[PDB]
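> Below is the file entry27.cif, which contains mmCIF, C-alpha atoms.
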data_upload
loop_
_atom_site.label_atom_id
_atom_site.label_comp_id
_atom_site.auth_asym_id
_atom_site.auth_seq_id
_atom_site.Cartn_x
_atom_site.Cartn_y
_atom_site.Cartn_z
CA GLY A 1 29.24 -19.64 -16.65
CA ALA A 2 28.03 -17.31 -19.47
CA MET A 3 24.30 -17.34 -18.40
CA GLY A 4 22.90 -15.09 -15.61
CA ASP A 5 20.64 -16.29 -12.74
CA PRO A 6 18.00 -14.53 -10.50
CA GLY A 7 19.49 -16.10 -7.29
CA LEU A 8 22.96 -14.63 -8.17
CA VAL A 9 21.31 -11.23 -8.99
CA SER A 10 20.59 -9.03 -5.93
CA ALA A 11 19.60 -5.34 -5.31
CA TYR A 12 21.17 -2.43 -3.33
CA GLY A 13 20.60 1.33 -2.59
CA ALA A 14 18.25 3.69 -0.69
CA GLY A 15 15.24 3.22 -3.08
CA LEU A 16 14.64 -0.27 -1.55
CA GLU A 17 14.04 1.49 1.85
CA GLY A 18 11.95 4.31 0.20
CA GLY A 19 11.86 8.10 0.87
CA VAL A 20 9.31 11.00 0.66
CA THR A 21 6.58 11.89 -1.93
CA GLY A 22 7.90 14.02 -4.84
CA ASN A 23 11.53 13.12 -3.81
CA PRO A 24 13.70 10.71 -5.95
CA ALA A 25 14.38 7.21 -4.54
CA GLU A 26 17.38 5.43 -6.19
CA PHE A 27 18.59 1.79 -6.19
CA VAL A 28 20.45 -0.70 -8.49
CA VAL A 29 19.55 -4.25 -9.60
CA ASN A 30 23.09 -5.68 -9.39
CA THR A 31 24.24 -8.25 -12.04
CA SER A 32 28.01 -8.32 -11.14
CA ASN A 33 27.64 -11.79 -9.48
CA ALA A 34 25.51 -13.20 -12.40
CA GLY A 35 27.06 -11.77 -15.66
CA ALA A 36 24.36 -10.79 -18.22
CA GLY A 37 20.65 -11.47 -19.04
CA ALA A 38 17.20 -9.85 -19.57
CA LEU A 39 15.47 -7.87 -16.74
CA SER A 40 11.91 -6.76 -15.92
CA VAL A 41 10.86 -4.60 -12.88
CA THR A 42 7.50 -3.31 -11.48
CA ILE A 43 6.69 -1.05 -8.48
CA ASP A 44 3.19 -1.32 -6.88
CA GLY A 45 1.80 0.44 -3.74
CA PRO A 46 -0.62 3.25 -2.56
CA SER A 47 -0.35 4.81 -6.10
CA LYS A 48 1.75 4.64 -9.34
CA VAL A 49 5.42 5.85 -9.64
CA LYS A 50 7.50 7.58 -12.37
CA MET A 51 10.59 5.37 -13.16
CA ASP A 52 13.92 6.02 -14.94
CA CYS A 53 15.43 2.53 -15.51
CA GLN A 54 18.95 2.60 -17.10
CA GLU A 55 21.71 0.03 -17.87
CA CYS A 56 25.27 0.57 -16.46
CA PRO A 57 28.51 -1.28 -15.32
CA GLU A 58 26.75 -1.81 -11.90
CA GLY A 59 23.81 -3.66 -13.66
CA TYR A 60 20.45 -1.82 -14.02
CA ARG A 61 19.88 1.41 -12.01
CA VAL A 62 16.26 2.39 -11.15
CA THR A 63 15.41 5.91 -9.93
CA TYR A 64 11.72 6.45 -9.10
CA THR A 65 9.43 9.17 -7.59
CA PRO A 66 6.41 8.17 -5.40
CA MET A 67 3.27 10.39 -5.10
CA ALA A 68 1.38 8.85 -2.11
CA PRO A 69 2.44 7.85 1.49
CA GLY A 70 2.39 4.17 2.59
CA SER A 71 4.57 1.31 1.23
CA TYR A 72 5.52 0.09 -2.30
CA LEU A 73 6.54 -3.48 -3.28
CA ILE A 74 9.49 -3.42 -5.74
CA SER A 75 9.12 -6.65 -7.79
CA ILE A 76 12.33 -7.42 -9.80
CA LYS A 77 12.44 -10.38 -12.25
CA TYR A 78 15.57 -11.59 -14.17
CA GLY A 79 16.17 -14.33 -16.83
CA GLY A 80 12.35 -14.98 -16.83
CA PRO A 81 9.09 -14.19 -14.88
CA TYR A 82 10.70 -15.11 -11.46
CA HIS A 83 11.75 -12.81 -8.55
CA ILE A 84 15.48 -12.09 -7.81
CA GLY A 85 17.13 -12.79 -4.40
CA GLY A 86 15.23 -10.77 -1.71
CA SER A 87 12.51 -9.43 -4.11
CA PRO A 88 9.84 -8.05 -3.70
CA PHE A 89 11.34 -5.35 -1.42
CA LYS A 90 9.03 -3.14 0.74
CA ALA A 91 9.96 0.58 0.34
CA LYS A 92 8.29 2.89 2.96
CA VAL A 93 7.15 6.46 1.99
CA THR A 94 5.93 9.55 3.94
CA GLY A 95 4.85 13.16 3.10
CA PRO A 96 1.67 14.66 1.48
CA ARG A 97 -0.60 12.68 -0.90
CA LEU A 98 -0.84 14.12 -4.48
CA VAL A 99 -3.86 12.00 -5.76
#
Show the structure stored in the file as structure tokens.


Amino acid sequence: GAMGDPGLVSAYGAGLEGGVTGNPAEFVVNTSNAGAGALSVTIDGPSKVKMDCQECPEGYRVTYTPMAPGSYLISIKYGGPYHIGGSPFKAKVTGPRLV
């Protein structure tokens, strides 16, 4: 089938588990099982995050940096306003608070 689907889309990499404040946390939204389609993605937790989202052969890579300890929900939505398989993911973060 030519159309992608949010149940065929998944996500992988260390950024779904989290990291430390000021340190980069990296994961991929993987489209290899789905084909192609539009993506949105939002990260919400104890503060905001700085994101570098980029397209690639692996799908869409997201690197982000957190700035407060606690846990962030990584909400990932493909082909429409609906969560992909396993989303939202809870990423856990430690270290000093910047704000």

> Could you write out as a tab-separated table (two decimals) with C-alpha atoms, keeping the file's coordinate frame the residues that the PyMOL selection byres ((chain A and resi 5-13) around 12) matches in the shown file?


chain	number	residue	atom	x	y	z
A	1	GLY	CA	29.24	-19.64	-16.65
A	2	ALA	CA	28.03	-17.31	-19.47
A	3	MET	CA	24.30	-17.34	-18.40
A	4	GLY	CA	22.90	-15.09	-15.61
A	14	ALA	CA	18.25	3.69	-0.69
A	15	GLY	CA	15.24	3.22	-3.08
A	16	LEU	CA	14.64	-0.27	-1.55
A	17	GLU	CA	14.04	1.49	1.85
A	18	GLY	CA	11.95	4.31	0.20
A	19	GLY	CA	11.86	8.10	0.87
A	25	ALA	CA	14.38	7.21	-4.54
A	26	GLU	CA	17.38	5.43	-6.19
A	27	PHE	CA	18.59	1.79	-6.19
A	28	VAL	CA	20.45	-0.70	-8.49
A	29	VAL	CA	19.55	-4.25	-9.60
A	30	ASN	CA	23.09	-5.68	-9.39
A	31	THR	CA	24.24	-8.25	-12.04
A	32	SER	CA	28.01	-8.32	-11.14
A	33	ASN	CA	27.64	-11.79	-9.48
A	34	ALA	CA	25.51	-13.20	-12.40
A	35	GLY	CA	27.06	-11.77	-15.66
A	36	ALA	CA	24.36	-10.79	-18.22
A	37	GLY	CA	20.65	-11.47	-19.04
A	38	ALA	CA	17.20	-9.85	-19.57
A	39	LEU	CA	15.47	-7.87	-16.74
A	40	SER	CA	11.91	-6.76	-15.92
A	41	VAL	CA	10.86	-4.60	-12.88
A	58	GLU	CA	26.75	-1.81	-11.90
A	59	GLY	CA	23.81	-3.66	-13.66
A	60	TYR	CA	20.45	-1.82	-14.02
A	61	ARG	CA	19.88	1.41	-12.01
A	62	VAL	CA	16.26	2.39	-11.15
A	63	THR	CA	15.41	5.91	-9.93
A	74	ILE	CA	9.49	-3.42	-5.74
A	75	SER	CA	9.12	-6.65	-7.79
A	76	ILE	CA	12.33	-7.42	-9.80
A	77	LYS	CA	12.44	-10.38	-12.25
A	78	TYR	CA	15.57	-11.59	-14.17
A	79	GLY	CA	16.17	-14.33	-16.83
A	80	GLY	CA	12.35	-14.98	-16.83
A	81	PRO	CA	9.09	-14.19	-14.88
A	82	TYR	CA	10.70	-15.11	-11.46
A	83	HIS	CA	11.75	-12.81	-8.55
A	84	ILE	CA	15.48	-12.09	-7.81
A	85	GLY	CA	17.13	-12.79	-4.40
A	86	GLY	CA	15.23	-10.77	-1.71
A	87	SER	CA	12.51	-9.43	-4.11
A	88	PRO	CA	9.84	-8.05	-3.70
A	89	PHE	CA	11.34	-5.35	-1.42
A	91	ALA	CA	9.96	0.58	0.34

> Report the distance between CA of residue 69 (chain A) and CA of residue 54 (chain A) in Å, rounded to one decimal place.

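So the answer is 25.4 Å.
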
> What does the distance from CA of residue 55 (chain A) to CA of residue 68 (chain A) come to in Å, to one decimal?

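For CA of residue 55 (chain A) relative to CA of residue 68 (chain A), the distance reads 27.2 Å.
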
> What is the distance, in Å and to one decimal place, between CA of residue 57 (chain A) and CA of residue 93 (chain A)?

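CA of residue 93 (chain A) lies at a distance of 28.6 Å from CA of residue 57 (chain A).
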
> Could you spell out the hits of the PyMOL selection byres ((chain A and resi 24) around 6) on the shown file, as number ranges by chain?

A: 23, 25, 64-65

> With the file shown as input, list the residues that the PyMOL selection byres ((chain A and resi 48) around 10) selects, as a ChimeraX atom specification.

/A:43-47,49-51,65-68,72,99

> Name the closest residue to residue 73 (chain A) among the candidates A:53, A:95, A:20, A:42; distances are taken between atoms, counting only C-alpha atoms.

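Once distances to residue 73 (chain A) are computed over only C-alpha atoms, the minimum belongs to A:42.
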